[PDB]
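What follows is a set of notes on a single structure, which appears directly below.
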Amino acid sequence: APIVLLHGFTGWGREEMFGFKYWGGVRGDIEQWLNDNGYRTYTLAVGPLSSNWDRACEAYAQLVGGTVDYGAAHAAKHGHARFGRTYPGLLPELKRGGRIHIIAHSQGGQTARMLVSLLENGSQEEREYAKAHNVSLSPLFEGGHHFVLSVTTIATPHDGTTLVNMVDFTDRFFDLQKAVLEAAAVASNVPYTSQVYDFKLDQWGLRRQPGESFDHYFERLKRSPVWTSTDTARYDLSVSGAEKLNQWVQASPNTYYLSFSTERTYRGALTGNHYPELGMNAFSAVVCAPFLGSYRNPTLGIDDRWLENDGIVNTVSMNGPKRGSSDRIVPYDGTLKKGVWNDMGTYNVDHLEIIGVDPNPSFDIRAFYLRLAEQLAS
Ligand SMILES: [Ca+2]
Ligand SMILES: [Zn+2]
C-alpha cells in the first residue's frame, strides 16, 4: 500500500510556499526520502483551518478524483457551499481495490480518523437528508468503503489541546501561522501577488487578494466563519470539540492505528509546572509552552498529567482518543494490532521539529520516517 501524508492546522502542497515542504521543512523532503527508499508516497493538501469534516471530504476527492462534496445536510447546516474544487485523483487504484497508509501530523490525525469513519460507516444524517430532499449523495456518505489500511498519527491532539484556552488564543494562533511562514522565509507583511499559501476556503468564499499581506488576510480570517463558526479546525482542536469528535469517530476494526507522542519540556520541582527545553522552536517556547505547562482546570479534568507538552499540544492528548472515546490503546509490543491504537512511544522532539519545520540536529528525522515506513510495510 502507498503512504499518503496529511498535515494539521498549518500545511500546503508541494508546489506551494516556494517549495519549502511541510513534510521535511529545513531538514529536507520526507516524501522524497520515502520514495527514494522504495516506499511509494504521496502528499495531500487540504484546508488547514477548515473543520475535520471539510478536510476529510477534500481528502476523499483528492485521492479518488472528482468534485469535493461536503454533504447537502452539512452545507445547509453551516451555511457554506456544498461543492468545492475538482481534483484529478492521486490514486485511482483506490477505486480498484487498492488501500493506503495515512501518516498524519497534528490535526491531520483527527482528519485521518474521520475519513476512515466516513469511509466505513458513511453518514446517516447525509443519507436521510438526500432521501428527504431528493438530492444526490456522495459515495463517501454511503458507508462500506474500506480503502484505508492504517492511520499513523504524530503529535495529534486526539483529546484536544489546552492551547485554545489561552487568553489571547485568537491572536497567538495567527502569530503561530506567521511563525510557520517565517520558517519558510515567507514574510507576513509583504504584499505577495503569487498565491504562496492557499487556505483553500472556496466553500466560505474567502481568498487572499493579490498584494494583500498575510497580516491583513489573517485579520479578515479571524472575523470570518472559518474562525467564528463551529465548522472549524478551531472548534475541533479544543478539549470540548475533540471530545465531541471522539463520540462518533471510532477506530475501525479493519484498520491499524499507530500513534507517536512528542514532549519537549522539563518539570519544575517547586510548582510542578512544565517548562520548555533548550532547542524548542522559539515561537512555542516564548508564546505557547509556558501556558501549556502551567494551565490547570479542575472542572474539565485538566490536571498535572496535561502539563507535559511539545510546545503546541499536551503530550497526554497524543496516544489516541480517550475523552469521549471507546477506542482501545495498547503499548506497541513488536506486532501491530488491528482495530486499536498501537502506542509507538513518546519522542523528545517538539511539534515542528518532528516534521522538520524547526531544526533539531540530534533528531534523525530521516531514520524516524524510514523506521515507521518499514513498520507499515512489514
Ligand atoms: Ca529546535
Ligand atoms: Zn463544513
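Residues in the C-alpha cells are named by chain (A, B, ... in the order shown) and by number from 1 within that chain; ligands are numbered from 1 in the order shown.
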DSSP on the backbone: what in stretch 120-280 of chain A comes out alpha helix (DSSP H), as a compact mmCIF listing (two decimals) with N, CA and C atoms, in the first residue's frame?
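Contents of part_24.txt, freshly written:
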# COMPACT_ATOMS: atom_id res chain seq x y z
N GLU A 120 -15.98 3.91 6.21
CA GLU A 120 -16.58 2.68 6.74
C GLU A 120 -18.09 2.78 6.95
N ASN A 121 -18.53 3.87 7.56
CA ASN A 121 -19.93 3.96 8.03
C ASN A 121 -20.79 4.94 7.28
N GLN A 124 -25.29 8.81 8.38
CA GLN A 124 -26.74 8.58 8.40
C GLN A 124 -27.47 9.90 8.16
N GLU A 125 -27.01 10.98 8.79
CA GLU A 125 -27.61 12.28 8.55
C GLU A 125 -27.62 12.65 7.06
N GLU A 126 -26.49 12.44 6.36
CA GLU A 126 -26.46 12.80 4.95
C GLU A 126 -27.36 11.86 4.12
N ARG A 127 -27.35 10.57 4.47
CA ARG A 127 -28.20 9.59 3.74
C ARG A 127 -29.68 9.96 3.86
N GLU A 128 -30.11 10.27 5.08
CA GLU A 128 -31.52 10.66 5.31
C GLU A 128 -31.90 11.98 4.63
N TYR A 129 -31.02 12.98 4.72
CA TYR A 129 -31.27 14.26 4.08
C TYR A 129 -31.39 14.11 2.56
N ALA A 130 -30.57 13.25 1.95
CA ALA A 130 -30.58 13.11 0.50
C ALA A 130 -31.91 12.49 0.05
N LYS A 131 -32.39 11.54 0.85
CA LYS A 131 -33.71 10.89 0.65
C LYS A 131 -34.85 11.90 0.82
N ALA A 132 -34.82 12.66 1.91
CA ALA A 132 -35.86 13.63 2.21
C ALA A 132 -35.98 14.76 1.19
N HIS A 133 -34.86 15.20 0.63
CA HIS A 133 -34.85 16.40 -0.21
C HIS A 133 -34.60 16.10 -1.68
N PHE A 169 -5.80 33.57 22.60
CA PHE A 169 -5.57 32.46 21.65
C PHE A 169 -5.79 32.88 20.20
N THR A 170 -6.83 33.66 19.92
CA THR A 170 -7.08 34.06 18.51
C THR A 170 -5.84 34.75 17.89
N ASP A 171 -5.30 35.74 18.60
CA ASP A 171 -4.15 36.45 18.06
C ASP A 171 -2.91 35.60 18.05
N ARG A 172 -2.73 34.79 19.09
CA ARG A 172 -1.50 33.98 19.16
C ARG A 172 -1.51 32.83 18.13
N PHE A 173 -2.69 32.29 17.86
CA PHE A 173 -2.80 31.23 16.86
C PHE A 173 -2.40 31.76 15.47
N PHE A 174 -2.89 32.95 15.09
CA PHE A 174 -2.44 33.54 13.84
C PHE A 174 -0.97 33.96 13.86
N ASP A 175 -0.45 34.37 15.03
CA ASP A 175 1.02 34.58 15.16
C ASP A 175 1.80 33.28 14.95
N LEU A 176 1.22 32.16 15.37
CA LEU A 176 1.79 30.85 15.05
C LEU A 176 1.83 30.57 13.54
N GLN A 177 0.74 30.85 12.85
CA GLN A 177 0.75 30.75 11.39
C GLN A 177 1.87 31.61 10.80
N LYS A 178 2.01 32.83 11.31
CA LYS A 178 3.09 33.70 10.82
C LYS A 178 4.47 33.12 11.13
N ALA A 179 4.62 32.48 12.30
CA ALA A 179 5.89 31.87 12.68
C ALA A 179 6.28 30.74 11.74
N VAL A 180 5.28 30.00 11.28
CA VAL A 180 5.50 28.94 10.33
C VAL A 180 5.84 29.51 8.95
N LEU A 181 5.14 30.56 8.53
CA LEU A 181 5.53 31.26 7.28
C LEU A 181 7.00 31.71 7.35
N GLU A 182 7.40 32.30 8.47
CA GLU A 182 8.77 32.77 8.64
C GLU A 182 9.81 31.64 8.52
N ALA A 183 9.46 30.47 9.04
CA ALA A 183 10.32 29.29 8.91
C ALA A 183 10.58 28.95 7.43
N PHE A 214 -0.24 38.62 4.33
CA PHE A 214 -0.84 37.63 5.25
C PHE A 214 -1.33 38.27 6.54
N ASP A 215 -0.62 39.30 7.04
CA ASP A 215 -1.09 40.04 8.23
C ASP A 215 -2.51 40.52 8.00
N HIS A 216 -2.75 41.19 6.87
CA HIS A 216 -4.05 41.77 6.59
C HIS A 216 -5.07 40.64 6.35
N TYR A 217 -4.65 39.58 5.65
CA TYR A 217 -5.58 38.49 5.34
C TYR A 217 -6.00 37.80 6.62
N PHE A 218 -5.05 37.61 7.51
CA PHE A 218 -5.36 36.88 8.75
C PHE A 218 -6.34 37.68 9.62
N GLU A 219 -6.24 39.01 9.58
CA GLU A 219 -7.24 39.81 10.30
C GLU A 219 -8.65 39.58 9.71
N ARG A 220 -8.76 39.40 8.40
CA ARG A 220 -10.06 39.02 7.78
C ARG A 220 -10.50 37.61 8.19
N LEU A 221 -9.57 36.67 8.19
CA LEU A 221 -9.95 35.29 8.59
C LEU A 221 -10.43 35.23 10.04
N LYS A 222 -9.81 36.01 10.92
CA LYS A 222 -10.21 35.97 12.35
C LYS A 222 -11.68 36.33 12.55
N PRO A 225 -16.23 33.05 9.10
CA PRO A 225 -16.78 31.83 9.71
C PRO A 225 -15.77 30.70 9.86
N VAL A 226 -14.62 30.79 9.19
CA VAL A 226 -13.66 29.70 9.39
C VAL A 226 -12.92 29.89 10.71
N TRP A 227 -13.18 31.00 11.38
CA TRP A 227 -12.69 31.17 12.73
C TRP A 227 -13.84 31.24 13.75
N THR A 228 -15.00 31.72 13.34
CA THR A 228 -16.05 32.03 14.33
C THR A 228 -17.18 31.00 14.38
N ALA A 233 -11.43 24.02 12.22
CA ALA A 233 -10.32 23.42 12.94
C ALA A 233 -10.32 23.92 14.38
N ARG A 234 -10.60 25.22 14.57
CA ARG A 234 -10.57 25.80 15.93
C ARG A 234 -11.47 25.02 16.90
N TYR A 235 -12.69 24.73 16.47
CA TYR A 235 -13.61 24.02 17.32
C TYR A 235 -13.08 22.61 17.64
N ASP A 236 -12.65 21.91 16.59
CA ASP A 236 -12.22 20.54 16.75
C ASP A 236 -10.92 20.40 17.54
N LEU A 237 -10.15 21.50 17.64
CA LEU A 237 -8.86 21.50 18.33
C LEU A 237 -9.00 21.61 19.85
N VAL A 239 -10.41 20.99 23.74
CA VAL A 239 -10.71 19.79 24.52
C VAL A 239 -12.19 19.38 24.34
N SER A 240 -13.10 20.34 24.44
CA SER A 240 -14.54 20.07 24.25
C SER A 240 -14.89 19.59 22.82
N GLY A 241 -14.28 20.20 21.81
CA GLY A 241 -14.56 19.85 20.40
C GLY A 241 -14.00 18.50 20.04
N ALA A 242 -12.81 18.22 20.56
CA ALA A 242 -12.16 16.94 20.30
C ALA A 242 -12.96 15.81 20.95
N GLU A 243 -13.49 16.05 22.16
CA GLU A 243 -14.34 15.06 22.81
C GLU A 243 -15.62 14.81 21.98
N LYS A 244 -16.23 15.86 21.44
CA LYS A 244 -17.42 15.67 20.59
C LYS A 244 -17.07 14.83 19.35
N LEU A 245 -15.92 15.09 18.74
CA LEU A 245 -15.47 14.29 17.60
C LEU A 245 -15.28 12.83 18.03
N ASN A 246 -14.74 12.62 19.24
CA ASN A 246 -14.42 11.29 19.72
C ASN A 246 -15.68 10.45 19.93
N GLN A 247 -16.78 11.14 20.20
CA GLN A 247 -18.05 10.46 20.44
C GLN A 247 -18.54 9.70 19.22
N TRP A 248 -18.20 10.17 18.01
CA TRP A 248 -18.64 9.48 16.81
C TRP A 248 -17.55 8.91 15.93
Exercise. Taking only C-alpha atoms and all ligand atoms into account, report as a ChimeraX atom specification which residues have an atom no farther than 9 Å from an atom of ligand 2.
Key: /A:50-55,70-71,74-75,77-82,203-204,230-232
Practice problem: Do a neighbour search on residue A:318 at 12 Å with only C-alpha atoms, toss out local chain neighbours closer than 4 positions, and write the hits as a ChimeraX atom specification. | Solution: /A:105-107,109-110,152-161,242,258-263,306,308-310,312-314,322-323,329,341-347,351
Self-check item: Distance filter 7 Å around ligand 1, atoms: only C-alpha atoms and all ligand atoms, out as a ChimeraX atom specification
Solution: /A:279-281,353,358-360
Self-check item: For residue A:84: contacts at 8 Å, only C-alpha atoms, fewer than 6 positions along chain excluded, given as a ChimeraX atom specification
Solution: /A:58,67-70,202-203
Self-check item: Contacts of residue A:93 within 12 Å, only C-alpha atoms, excl. fewer than 2 positions in-chain, as a list in words
Solution: residues 1, 2, 63, 64, 65, 89, 90, 91, 95, 96, 97, 98, 99, 100 and 147 of chain A
Exercise. Choose the residue, out of A:14, A:249, A:56, A:375, that has the smallest atom-to-atom separation from residue A:325; count only C-alpha atoms.
Key: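 Nearest candidate to residue A:325 out of A:14, A:249, A:56, A:375: A:249.
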Quiz prompt | Selected residue, from A:162, A:270, A:253, A:373, that lies nearest to residue A:317 when counting only C-alpha atoms | solution =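 With only C-alpha atoms as the atom set, the closest residue is A:162.
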Exercise. Point out the residue among A:46, A:197, A:362, A:139 with the least atom-to-atom distance to residue A:19, counting only C-alpha atoms.
Key: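 Using only C-alpha atoms, the shortest distance to residue A:19 belongs to A:197.
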Self-check item: Selection: 10 Å around residue A:119, only C-alpha atoms, excl. self and same-chain fewer than 3 positions, as a VMD selection string
Solution: chain A and resid 56 60 113 to 116 122 to 123 139 to 148 252
Would you save the residues from that selection as a PDB file, in the first residue's frame, using N, CA and C atoms?
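Writing done, so here's out22.pdb:
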ATOM      1  N   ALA A  56     -11.809  16.037   5.453  1.00  0.00           N
ATOM      2  CA  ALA A  56     -11.985  14.628   5.046  1.00  0.00           C
ATOM      3  C   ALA A  56     -12.695  14.537   3.700  1.00  0.00           C
ATOM      4  N   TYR A  60     -10.869  12.916   0.433  1.00  0.00           N
ATOM      5  CA  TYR A  60     -11.534  11.869  -0.347  1.00  0.00           C
ATOM      6  C   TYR A  60     -11.480  12.211  -1.862  1.00  0.00           C
ATOM      7  N   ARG A 113      -8.630   9.870  10.989  1.00  0.00           N
ATOM      8  CA  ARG A 113      -9.617   9.059  11.719  1.00  0.00           C
ATOM      9  C   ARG A 113     -11.032   9.282  11.185  1.00  0.00           C
ATOM     10  N   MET A 114     -11.382  10.532  10.937  1.00  0.00           N
ATOM     11  CA  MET A 114     -12.712  10.828  10.444  1.00  0.00           C
ATOM     12  C   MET A 114     -12.928  10.310   9.037  1.00  0.00           C
ATOM     13  N   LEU A 115     -11.900  10.414   8.197  1.00  0.00           N
ATOM     14  CA  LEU A 115     -12.013   9.878   6.856  1.00  0.00           C
ATOM     15  C   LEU A 115     -12.308   8.356   6.927  1.00  0.00           C
ATOM     16  N   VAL A 116     -11.600   7.625   7.795  1.00  0.00           N
ATOM     17  CA  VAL A 116     -11.861   6.182   7.981  1.00  0.00           C
ATOM     18  C   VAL A 116     -13.301   5.934   8.418  1.00  0.00           C
ATOM     19  N   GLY A 122     -20.156   5.817   6.507  1.00  0.00           N
ATOM     20  CA  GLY A 122     -20.879   6.896   5.871  1.00  0.00           C
ATOM     21  C   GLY A 122     -21.416   7.862   6.913  1.00  0.00           C
ATOM     22  N   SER A 123     -22.465   8.589   6.524  1.00  0.00           N
ATOM     23  CA  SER A 123     -23.159   9.484   7.417  1.00  0.00           C
ATOM     24  C   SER A 123     -24.668   9.236   7.292  1.00  0.00           C
ATOM     25  N   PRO A 139     -20.611   9.204  -2.609  1.00  0.00           N
ATOM     26  CA  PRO A 139     -20.319   7.860  -2.131  1.00  0.00           C
ATOM     27  C   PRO A 139     -19.632   7.807  -0.761  1.00  0.00           C
ATOM     28  N   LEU A 140     -18.946   8.884  -0.375  1.00  0.00           N
ATOM     29  CA  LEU A 140     -18.324   8.938   0.946  1.00  0.00           C
ATOM     30  C   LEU A 140     -19.339   8.744   2.064  1.00  0.00           C
ATOM     31  N   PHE A 141     -20.597   9.136   1.841  1.00  0.00           N
ATOM     32  CA  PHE A 141     -21.582   9.057   2.919  1.00  0.00           C
ATOM     33  C   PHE A 141     -22.420   7.770   2.910  1.00  0.00           C
ATOM     34  N   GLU A 142     -22.165   6.907   1.928  1.00  0.00           N
ATOM     35  CA  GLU A 142     -22.887   5.628   1.839  1.00  0.00           C
ATOM     36  C   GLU A 142     -22.448   4.611   2.879  1.00  0.00           C
ATOM     37  N   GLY A 143     -21.141   4.577   3.177  1.00  0.00           N
ATOM     38  CA  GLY A 143     -20.568   3.530   4.011  1.00  0.00           C
ATOM     39  C   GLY A 143     -20.119   2.359   3.148  1.00  0.00           C
ATOM     40  N   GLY A 144     -19.471   1.391   3.792  1.00  0.00           N
ATOM     41  CA  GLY A 144     -18.989   0.168   3.133  1.00  0.00           C
ATOM     42  C   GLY A 144     -17.794   0.340   2.219  1.00  0.00           C
ATOM     43  N   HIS A 145     -17.007   1.391   2.463  1.00  0.00           N
ATOM     44  CA  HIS A 145     -15.762   1.598   1.747  1.00  0.00           C
ATOM     45  C   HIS A 145     -14.602   1.367   2.703  1.00  0.00           C
ATOM     46  N   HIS A 146     -13.519   0.782   2.217  1.00  0.00           N
ATOM     47  CA  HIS A 146     -12.511   0.252   3.131  1.00  0.00           C
ATOM     48  C   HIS A 146     -11.071   0.589   2.767  1.00  0.00           C
ATOM     49  N   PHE A 147     -10.832   1.696   2.078  1.00  0.00           N
ATOM     50  CA  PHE A 147      -9.524   1.814   1.452  1.00  0.00           C
ATOM     51  C   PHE A 147      -8.345   2.252   2.329  1.00  0.00           C
ATOM     52  N   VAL A 148      -8.615   2.580   3.592  1.00  0.00           N
ATOM     53  CA  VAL A 148      -7.515   2.924   4.500  1.00  0.00           C
ATOM     54  C   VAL A 148      -7.064   1.728   5.326  1.00  0.00           C
ATOM     55  N   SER A 252     -11.901   1.836  13.378  1.00  0.00           N
ATOM     56  CA  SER A 252     -12.472   0.746  12.565  1.00  0.00           C
ATOM     57  C   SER A 252     -11.737  -0.555  12.908  1.00  0.00           C
TER      58      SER A 252
END
Env of stretch 22-37 of chain A: 7 Å cut, atoms = only C-alpha atoms, seq-sep filter 2 positions within chain, self excluded. Answer as a PDB file with C-alpha atoms, in the first residue's frame.
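Result file is result_32.pdb:
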ATOM      1  CA  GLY A  11       0.146  22.766   5.754  1.00  0.00           C
ATOM      2  CA  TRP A  12       0.325  23.224   1.986  1.00  0.00           C
ATOM      3  CA  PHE A  20       9.611  24.647   1.226  1.00  0.00           C
ATOM      4  CA  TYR A  39       8.053   3.416  -0.219  1.00  0.00           C
ATOM      5  CA  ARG A  40       5.608   4.905  -2.726  1.00  0.00           C
ATOM      6  CA  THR A  41       4.455   8.125  -1.045  1.00  0.00           C
ATOM      7  CA  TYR A  42       2.037  10.967  -1.926  1.00  0.00           C
ATOM      8  CA  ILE A 355       8.178  17.392  10.647  1.00  0.00           C
ATOM      9  CA  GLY A 356      11.483  19.273  10.189  1.00  0.00           C
ATOM     10  CA  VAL A 357       9.974  22.750  10.138  1.00  0.00           C
ATOM     11  CA  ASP A 358      12.187  23.591  13.107  1.00  0.00           C
ATOM     12  CA  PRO A 359      15.766  22.243  13.189  1.00  0.00           C
ATOM     13  CA  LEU A 370      12.127   5.266   7.361  1.00  0.00           C
TER      14      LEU A 370
END
